[PDB]
file run.pdb (PDB, C-alpha atoms (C1' of nucleotides))
ATOM      1  CA  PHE A 832       2.362  27.894 -44.775
ATOM      2  CA  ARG A 833       0.610  26.306 -41.774
ATOM      3  CA  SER A 834      -2.759  27.977 -42.427
ATOM      4  CA  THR A 835      -5.703  25.654 -43.007
ATOM      5  CA  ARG A 836      -6.815  27.663 -46.045
ATOM      6  CA  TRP A 837      -3.394  27.053 -47.610
ATOM      7  CA  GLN A 838      -4.044  23.312 -47.840
ATOM      8  CA  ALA A 839      -7.778  23.854 -48.382
ATOM      9  CA  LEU A 840      -7.439  25.356 -51.874
ATOM     10  CA  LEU A 841      -4.494  23.264 -53.106
ATOM     11  CA  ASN A 842      -6.654  20.255 -54.030
ATOM     12  CA  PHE A 843      -9.036  22.299 -56.198
ATOM     13  CA  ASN A 844      -9.352  21.142 -59.810
ATOM     14  CA  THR A 845      -7.913  23.966 -61.917
ATOM     15  CA  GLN A 846      -5.409  24.122 -64.765
ATOM     16  CA  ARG A 847      -4.605  27.852 -64.574
ATOM     17  CA  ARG A 848      -4.410  30.191 -61.582
ATOM     18  CA  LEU A 849      -3.917  33.947 -61.286
ATOM     19  CA  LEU A 850      -2.779  35.877 -58.211
ATOM     20  CA  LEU A 851      -3.869  39.454 -57.482
ATOM     21  CA  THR A 852      -1.907  41.293 -54.797
ATOM     22  CA  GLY A 853      -0.500  44.758 -54.275
ATOM     23  CA  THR A 854       2.935  44.150 -52.730
ATOM     24  CA  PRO A 855       4.341  41.025 -51.056
ATOM     25  CA  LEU A 856       6.910  41.295 -48.288
ATOM     26  CA  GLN A 857      10.493  41.826 -49.442
ATOM     27  CA  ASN A 858      12.407  40.073 -46.653
ATOM     28  CA  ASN A 859      11.279  36.919 -44.797
ATOM     29  CA  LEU A 860      11.727  34.635 -47.806
ATOM     30  CA  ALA A 861       9.440  32.047 -46.186
ATOM     31  CA  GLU A 862       6.197  33.661 -47.374
ATOM     32  CA  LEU A 863       7.502  34.169 -50.917
ATOM     33  CA  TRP A 864       8.615  30.531 -51.015
ATOM     34  CA  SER A 865       5.196  29.425 -49.752
ATOM     35  CA  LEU A 866       3.468  31.471 -52.459
ATOM     36  CA  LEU A 867       5.785  29.971 -55.081
ATOM     37  CA  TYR A 868       5.018  26.438 -53.874
ATOM     38  CA  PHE A 869       1.295  27.199 -53.906
ATOM     39  CA  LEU A 870       1.510  28.499 -57.485
ATOM     40  CA  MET A 871       2.943  25.164 -58.640
ATOM     41  CA  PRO A 872       3.940  22.083 -56.580
ATOM     42  CA  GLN A 873       7.376  21.456 -58.079
ATOM     43  CA  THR A 874       9.829  23.696 -56.227
ATOM     44  CA  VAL A 875      11.871  22.278 -53.356
ATOM     45  CA  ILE A 876      11.334  23.434 -49.778
ATOM     46  CA  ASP A 877      14.988  24.489 -49.372
ATOM     47  CA  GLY A 878      14.991  28.185 -50.222
ATOM     48  CA  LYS A 879      18.051  28.958 -48.110
ATOM     49  CA  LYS A 880      20.398  27.500 -50.741
TER      50      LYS A 880
ATOM     51  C1'  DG B   1     -74.680   1.663   0.569
ATOM     52  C1'  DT B   2     -72.496   5.079  -1.398
ATOM     53  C1'  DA B   3     -69.028   7.821  -3.499
ATOM     54  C1'  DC B   4     -65.403   8.105  -6.441
ATOM     55  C1'  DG B   5     -63.975   6.870 -11.266
ATOM     56  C1'  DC B   6     -65.484   8.412 -15.525
ATOM     57  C1'  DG B   7     -67.398  11.132 -19.068
ATOM     58  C1'  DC B   8     -68.723  15.594 -20.443
ATOM     59  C1'  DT B   9     -68.475  20.645 -20.275
ATOM     60  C1'  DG B  10     -66.458  25.315 -20.805
ATOM     61  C1'  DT B  11     -62.347  28.348 -19.471
ATOM     62  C1'  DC B  12     -58.140  30.139 -20.390
ATOM     63  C1'  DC B  13     -53.342  29.843 -20.828
ATOM     64  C1'  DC B  14     -48.596  28.705 -21.605
ATOM     65  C1'  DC B  15     -45.521  26.699 -25.005
ATOM     66  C1'  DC B  16     -44.832  26.404 -30.562
ATOM     67  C1'  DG B  17     -43.207  28.447 -34.363
ATOM     68  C1'  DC B  18     -41.427  31.671 -37.000
ATOM     69  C1'  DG B  19     -38.886  35.670 -36.914
ATOM     70  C1'  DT B  20     -35.295  38.906 -35.110
ATOM     71  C1'  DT B  21     -30.910  39.984 -31.896
ATOM     72  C1'  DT B  22     -27.020  38.667 -29.652
ATOM     73  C1'  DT B  23     -23.138  35.955 -28.969
ATOM     74  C1'  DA B  24     -19.596  31.565 -28.586
ATOM     75  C1'  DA B  25     -16.125  29.519 -31.147
ATOM     76  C1'  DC B  26     -12.596  28.579 -34.710
ATOM     77  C1'  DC B  27      -9.066  30.642 -37.696
ATOM     78  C1'  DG B  28      -3.895  33.471 -37.896
ATOM     79  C1'  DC B  29      -0.166  35.362 -35.238
ATOM     80  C1'  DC B  30       4.107  33.742 -33.385
ATOM     81  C1'  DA B  31       6.259  29.966 -32.269
ATOM     82  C1'  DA B  32       7.870  29.599 -27.448
ATOM     83  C1'  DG B  33       8.222  26.890 -23.103
ATOM     84  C1'  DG B  34       6.667  22.965 -19.520
ATOM     85  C1'  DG B  35       5.577  18.954 -16.982
ATOM     86  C1'  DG B  36       3.960  14.113 -15.944
ATOM     87  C1'  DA B  37       3.298   9.072 -17.015
ATOM     88  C1'  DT B  38       6.810   5.665 -18.931
ATOM     89  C1'  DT B  39      10.868   2.581 -19.197
ATOM     90  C1'  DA B  40      14.777   1.157 -17.477
ATOM     91  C1'  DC B  41      17.814   0.346 -13.611
ATOM     92  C1'  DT B  42      19.340  -0.414  -8.755
ATOM     93  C1'  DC B  43      19.090  -2.114  -4.309
ATOM     94  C1'  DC B  44      16.330  -4.105   0.076
ATOM     95  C1'  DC B  45      13.328  -6.060   3.225
ATOM     96  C1'  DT B  46       9.088  -8.347   5.010
ATOM     97  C1'  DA B  47       5.802 -12.192   4.268
ATOM     98  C1'  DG B  48       5.869 -17.281   2.994
ATOM     99  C1'  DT B  49       7.134 -21.482   4.976
ATOM    100  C1'  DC B  50       8.406 -24.401   8.508
ATOM    101  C1'  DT B  51       8.230 -24.979  13.576
ATOM    102  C1'  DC B  52       6.327 -26.366  18.277
ATOM    103  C1'  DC B  53       4.116 -24.629  22.619
ATOM    104  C1'  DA B  54       0.298 -22.265  24.601
ATOM    105  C1'  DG B  55      -4.640 -21.591  24.820
ATOM    106  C1'  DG B  56      -9.719 -20.652  24.156
ATOM    107  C1'  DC B  57     -14.542 -20.162  22.188
ATOM    108  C1'  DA B  58     -17.784 -24.138  21.239
ATOM    109  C1'  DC B  59     -19.716 -27.122  24.374
ATOM    110  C1'  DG B  60     -22.043 -29.106  28.432
ATOM    111  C1'  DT B  61     -23.797 -28.212  33.027
ATOM    112  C1'  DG B  62     -26.406 -25.234  37.300
ATOM    113  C1'  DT B  63     -29.505 -22.208  38.654
ATOM    114  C1'  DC B  64     -32.761 -18.042  38.669
ATOM    115  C1'  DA B  65     -36.973 -16.248  35.846
ATOM    116  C1'  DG B  66     -41.405 -16.466  33.901
ATOM    117  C1'  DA B  67     -45.460 -18.748  33.731
ATOM    118  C1'  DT B  68     -48.908 -22.300  35.561
ATOM    119  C1'  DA B  69     -51.750 -25.721  38.354
ATOM    120  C1'  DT B  70     -53.420 -26.332  43.296
ATOM    121  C1'  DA B  71     -55.429 -26.127  48.006
ATOM    122  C1'  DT B  72     -57.703 -22.330  50.815
ATOM    123  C1'  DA B  73     -60.122 -19.029  53.606
ATOM    124  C1'  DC B  74     -63.821 -16.599  53.014
ATOM    125  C1'  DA B  75     -68.322 -15.223  49.758
ATOM    126  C1'  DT B  76     -73.083 -15.277  47.979
ATOM    127  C1'  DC B  77     -77.425 -17.499  47.548
ATOM    128  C1'  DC B  78     -80.028 -21.613  49.224
ATOM    129  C1'  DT B  79     -82.230 -24.548  52.777
ATOM    130  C1'  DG B  80     -84.247 -25.652  56.618
ATOM    131  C1'  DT B  81     -86.285 -23.855  60.947
ATOM    132  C1'  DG B  82     -88.254 -21.460  64.795
ATOM    133  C1'  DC B  83     -91.197 -17.446  66.702
ATOM    134  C1'  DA B  84     -95.306 -14.107  67.661
ATOM    135  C1'  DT B  85     -99.842 -12.419  67.235
ATOM    136  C1'  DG B  86    -104.744 -12.051  64.835
ATOM    137  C1'  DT B  87    -108.407 -14.914  63.045
ATOM    138  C1'  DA B  88    -113.829 -17.783  62.992
TER     139       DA B  88
END
call {"tool": "encode", "arguments": {"input": "run.pdb", "output": "C-alpha cells"}}
result
Amino acid sequence: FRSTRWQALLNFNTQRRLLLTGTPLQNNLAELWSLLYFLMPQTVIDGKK
DNA sequence: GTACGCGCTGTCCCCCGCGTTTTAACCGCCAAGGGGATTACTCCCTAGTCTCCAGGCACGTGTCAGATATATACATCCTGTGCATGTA
C-alpha cells in the first residue's frame, strides 16, 4: 500500500487493466484489499467489516 | 648605461575526451520506539530608583634632566729681534 510504485502507476491513462500473478497470499487481507483498490478506485478502505 | 621586458623559437608533456569498470544511493520490509524544543504555569529575588556622605583623578605647581651659550687656559703660526763668523 505504502510503496511509491503503488501510487506511481495509479494515475496512468488506461481504460482496461489485466493482472498476471501466480498466487496471492491467502491470509493478511491487507494486500488483497490493496490489490482490489488498485484494480478500481471504488471500494472502501474498511475490509475488516 | 644597460639589462630586463618582450617577441620568437623549439621541446615535450600533462590534462581532455571518449570509453570502460566500479560503486553510492534510493526503493521495500516491518512498523517499532525515542527525545528535545515548545507552551503553559508557578513562584521569587535582584536591579531600578531614590538617597546623602565620602572622595579622587583632572588640574596646577616644583624640581631634576637634557641640551646650549660662555669665559678660559693653553695651542699653533706669526712677528719682531738679537747673535756669530766670513767676505773684498
call {"tool": "resolve_selection", "arguments": {"input": "run.pdb", "expression": "the PyMOL selection byres ((chain A and resi 845-860) around 12)", "output": "list in words"}}
result
residues 832, 840, 841, 842, 843, 844, 861, 862, 863, 864, 865, 866, 867, 869, 870, 871, 876, 877, 878, 879 and 880 of chain A
call {"tool": "closest_atom_pairs", "arguments": {"input": "run.pdb", "of": "chain B", "to": "chain A", "cutoff": "12 Å", "atoms": "all atoms listed in the file", "output": "tab-separated table"}}
result
residue	atom	partner	partner_atom	distance
B:26	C1'	A:835	CA	11.2
B:27	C1'	A:835	CA	8.0
B:28	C1'	A:834	CA	7.2
B:29	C1'	A:834	CA	10.6
B:30	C1'	A:833	CA	11.7
B:31	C1'	A:833	CA	11.6
call {"tool": "axis_aligned_box", "arguments": {"input": "run.pdb", "around": "region 849-867 of chain A", "padding_each_side": "6 Å", "output": "lines of an AutoDock Vina configuration file"}}
result
center_x = 4.2
center_y = 37.1
center_z = -53.0
size_x = 28.3
size_y = 27.3
size_z = 28.5
call {"tool": "decode", "arguments": {"input": "run.pdb", "residues": "chain A", "atoms": "C-alpha atoms", "output": "PDB file, in the first residue's frame"}}
result
ATOM      1  CA  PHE A 832       0.000   0.000   0.000  1.00  0.00           C
ATOM      2  CA  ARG A 833       2.709   2.490   1.028  1.00  0.00           C
ATOM      3  CA  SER A 834       5.045   1.665  -1.875  1.00  0.00           C
ATOM      4  CA  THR A 835       5.914   4.534  -4.201  1.00  0.00           C
ATOM      5  CA  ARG A 836       5.233   2.382  -7.268  1.00  0.00           C
ATOM      6  CA  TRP A 837       1.693   1.797  -5.981  1.00  0.00           C
ATOM      7  CA  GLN A 838       0.821   5.479  -6.382  1.00  0.00           C
ATOM      8  CA  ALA A 839       3.129   5.839  -9.395  1.00  0.00           C
ATOM      9  CA  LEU A 840       1.011   3.713 -11.751  1.00  0.00           C
ATOM     10  CA  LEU A 841      -2.441   4.717 -10.471  1.00  0.00           C
ATOM     11  CA  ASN A 842      -2.542   7.974 -12.460  1.00  0.00           C
ATOM     12  CA  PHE A 843      -1.774   6.271 -15.787  1.00  0.00           C
ATOM     13  CA  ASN A 844      -4.353   6.819 -18.531  1.00  0.00           C
ATOM     14  CA  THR A 845      -5.869   3.393 -19.207  1.00  0.00           C
ATOM     15  CA  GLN A 846      -9.422   2.095 -19.521  1.00  0.00           C
ATOM     16  CA  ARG A 847      -8.683  -1.622 -19.040  1.00  0.00           C
ATOM     17  CA  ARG A 848      -6.076  -3.370 -16.893  1.00  0.00           C
ATOM     18  CA  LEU A 849      -5.049  -7.012 -16.553  1.00  0.00           C
ATOM     19  CA  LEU A 850      -3.145  -8.601 -13.669  1.00  0.00           C
ATOM     20  CA  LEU A 851      -0.819 -11.586 -14.108  1.00  0.00           C
ATOM     21  CA  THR A 852       0.241 -13.372 -10.924  1.00  0.00           C
ATOM     22  CA  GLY A 853       0.716 -16.936  -9.772  1.00  0.00           C
ATOM     23  CA  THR A 854      -0.735 -16.981  -6.244  1.00  0.00           C
ATOM     24  CA  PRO A 855      -1.514 -14.085  -3.887  1.00  0.00           C
ATOM     25  CA  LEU A 856      -1.290 -14.524  -0.134  1.00  0.00           C
ATOM     26  CA  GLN A 857      -4.308 -16.162   1.495  1.00  0.00           C
ATOM     27  CA  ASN A 858      -4.255 -14.506   4.926  1.00  0.00           C
ATOM     28  CA  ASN A 859      -3.219 -10.891   5.655  1.00  0.00           C
ATOM     29  CA  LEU A 860      -6.251  -9.368   3.939  1.00  0.00           C
ATOM     30  CA  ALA A 861      -4.422  -6.031   3.662  1.00  0.00           C
ATOM     31  CA  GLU A 862      -2.549  -6.929   0.466  1.00  0.00           C
ATOM     32  CA  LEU A 863      -5.656  -8.373  -1.199  1.00  0.00           C
ATOM     33  CA  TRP A 864      -7.591  -5.225  -0.289  1.00  0.00           C
ATOM     34  CA  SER A 865      -4.786  -3.064  -1.692  1.00  0.00           C
ATOM     35  CA  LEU A 866      -4.820  -5.032  -4.951  1.00  0.00           C
ATOM     36  CA  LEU A 867      -8.605  -4.670  -5.138  1.00  0.00           C
ATOM     37  CA  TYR A 868      -8.366  -0.904  -4.601  1.00  0.00           C
ATOM     38  CA  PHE A 869      -5.654  -0.665  -7.252  1.00  0.00           C
ATOM     39  CA  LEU A 870      -7.810  -2.583  -9.746  1.00  0.00           C
ATOM     40  CA  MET A 871     -10.578   0.009  -9.388  1.00  0.00           C
ATOM     41  CA  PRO A 872     -10.809   3.037  -7.041  1.00  0.00           C
ATOM     42  CA  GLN A 873     -14.319   2.476  -5.695  1.00  0.00           C
ATOM     43  CA  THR A 874     -14.026   0.036  -2.792  1.00  0.00           C
ATOM     44  CA  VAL A 875     -13.899   1.355   0.766  1.00  0.00           C
ATOM     45  CA  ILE A 876     -10.771   1.025   2.894  1.00  0.00           C
ATOM     46  CA  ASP A 877     -12.624  -0.856   5.662  1.00  0.00           C
ATOM     47  CA  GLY A 878     -12.060  -4.515   4.841  1.00  0.00           C
ATOM     48  CA  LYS A 879     -12.452  -5.674   8.436  1.00  0.00           C
ATOM     49  CA  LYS A 880     -16.250  -5.362   8.262  1.00  0.00           C
TER      50      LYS A 880
END
